[PDB]
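In this chain, numbering begins with 1 at the start of the sequence shown. Order of listing sets the numbers, starting from 1, for every ligand and every atom in it.
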Amino acid sequence: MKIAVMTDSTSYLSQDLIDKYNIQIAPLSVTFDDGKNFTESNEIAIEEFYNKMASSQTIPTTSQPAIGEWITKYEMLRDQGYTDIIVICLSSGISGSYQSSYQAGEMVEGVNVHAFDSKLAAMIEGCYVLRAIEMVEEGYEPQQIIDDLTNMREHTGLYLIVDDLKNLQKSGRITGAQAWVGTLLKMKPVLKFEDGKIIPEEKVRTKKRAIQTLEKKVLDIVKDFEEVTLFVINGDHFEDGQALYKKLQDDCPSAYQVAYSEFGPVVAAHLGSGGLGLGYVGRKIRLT
Ligand SMILES: CCCCCCCCCCCCCC(=O)O
């Protein structure tokens, strides 16, 4: 028995972790109305996508990985001795990458495909990947890993801040004058993930209190966990994510695992500019 672990590109793992563990990636795409397509990878210039997103008069569309992209890596991993494949996917409540990962694995013979619904995104979804690899090396069989990843999912979440009432209007969720009810007013909607779905939490003015809202909300949850792994997931506002990341290191004991990361074009296409999140895991995930 040999078990492999792969995922889609929305888990935004570091290129070091991908290269070290040979993690195969099924990329998501984002197509603008200009005809230009950005296939998610660690080769694009994220700053130039943000400029293109601000350039484009309309917000682009997102697409899950093509079924053929899942197949070629599935049959590849099979064509090297892997008896089982664990697939951590983007949350099925927000995307169709989990549906395509299951159906494509049914069309690949010789290996047992195990699609997992992360019920989240970004490095929090990537934490499931690093936890699956850690268990495979320890000598765990697939359903033992899925049972653990299902248990880890019960103590895992992510809050996020949206600072782009602009981008919220070109998508049709707020009217033209509603942007001029928050932008001048500096109102920041605060959302959170629940059961794989993005539901509204609070609407805190100023980004500072909204960031302080993220800290107090996540710290009050993880204070009852035996193991804690925090992840600052920042957008194109570098100073905002670092201020929260540094404030966390000062306010949290070193027993807590505090990490920094950034999301890519697919997640940014829906968040816009200045997006910022804060996720947590009830486990001491191996990030090395
Ligand atoms: C930084 C906080 C994480 C925010 C995650 C936003 C996810 C919403 C975008 C949904 C992407 C759907 C992808 C697809 O079309 O298949």
Short question: side chain of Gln80, backbone of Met76 - any donor-acceptor pair under 3.5 Å? yes
Regarding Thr7 and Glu125, do their side chains bring together a donor and an acceptor under 3.5 Å, going by distance alone? yes
Identify the closest protein heavy atom to atom 15 (O) of ligand 1: which residue and atom is it, and at what distance? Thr62 CB, 3.2 Å
Any donor-acceptor N or O pair under 3.5 Å, side chains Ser29, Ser63: yes
Out of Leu160, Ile233, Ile198, who gets a non-hydrogen atom closest to atom 8 (C) of ligand 1? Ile198
Under 3.5 Å, is there a donor-acceptor pair linking the side chains of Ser101 and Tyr74? yes
Using a 4.0 Å heavy-atom cut-off, which part of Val267 comes near ligand 1: side chain, backbone, both, or neither? side chain
What class does the angle between the rings of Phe49 and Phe38 fall in, given that below 30° is parallel, 30 to 60° is tilted and above 60° is perpendicular? perpendicular
Name the closest protein heavy atom to atom 1 (C) of ligand 1, giving the residue it belongs to and the distance to 0.1 Å. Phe263 CD2, 3.5 Å
Is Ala122 touching ligand 1 with its side chain, its backbone, both, or neither, if touching means heavy atoms under 4.0 Å apart? neither
Ignoring hydrogens and angles, state whether a donor on the side chain of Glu134 or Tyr140 is under 3.5 Å from an acceptor on the partner side chain. no
Counting each atom of ligand 1 from 1 as listed, which ones have a heavy atom of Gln64 under 4.0 Å away? 16 (O)
Pair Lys36, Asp34 - check salt bridge (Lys or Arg N to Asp or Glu O under 4.0 Å), show working. CA-CA 6 Å; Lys36 215 202 151 53; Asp34 301 80; over 6 Å; no
At less than 4.0 angstrom from any non-hydrogen atom of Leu271, what atoms of ligand 1 do you find? 1 (C), 4 (C), 6 (C)
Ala269 and ligand 1 - part of the residue with a heavy-atom distance under 4.0 Å: neither
Any donor-acceptor pair under 3.5 Å from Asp164 side chain to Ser273 backbone: yes
Heavy-atom distances under 4.0 Å decide this one: backbone, side chain, both or neither, for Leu276 against ligand 1? neither
Looking only at distances, can you tell me whether any N or O atom of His270, backbone or side chain, sits closer than 3.5 Å to an N or O atom of ligand 1? no
Evaluate the ring planes of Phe225 and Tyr280, with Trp represented by its six-membered ring, and classify them as parallel (under 30°), tilted (30 to 60°) or perpendicular (over 60°). tilted
Region of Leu28 engaging ligand 1 - heavy atom pairs below 4.0 Å: side chain
Mind checking whether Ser97 has a heavy atom under 4.0 Å from ligand 1? no
Do me a favour and list the nearest non-hydrogen protein atom to atom 14 (C) of ligand 1 with residue, atom name and distance? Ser95 OG, 3.2 Å
As a check for students: among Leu158, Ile161, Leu278, identify the option with a heavy atom nearest to atom 2 (C) of ligand 1. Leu158
Determine whether the side chains of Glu154 and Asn151 contain a donor N or O and an acceptor N or O closer than 3.5 Å. no
Among all protein non-hydrogen atoms, which one is nearest to atom 12 (C) of ligand 1, and what is the separation to 0.1 Å? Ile94 O, 3.4 Å
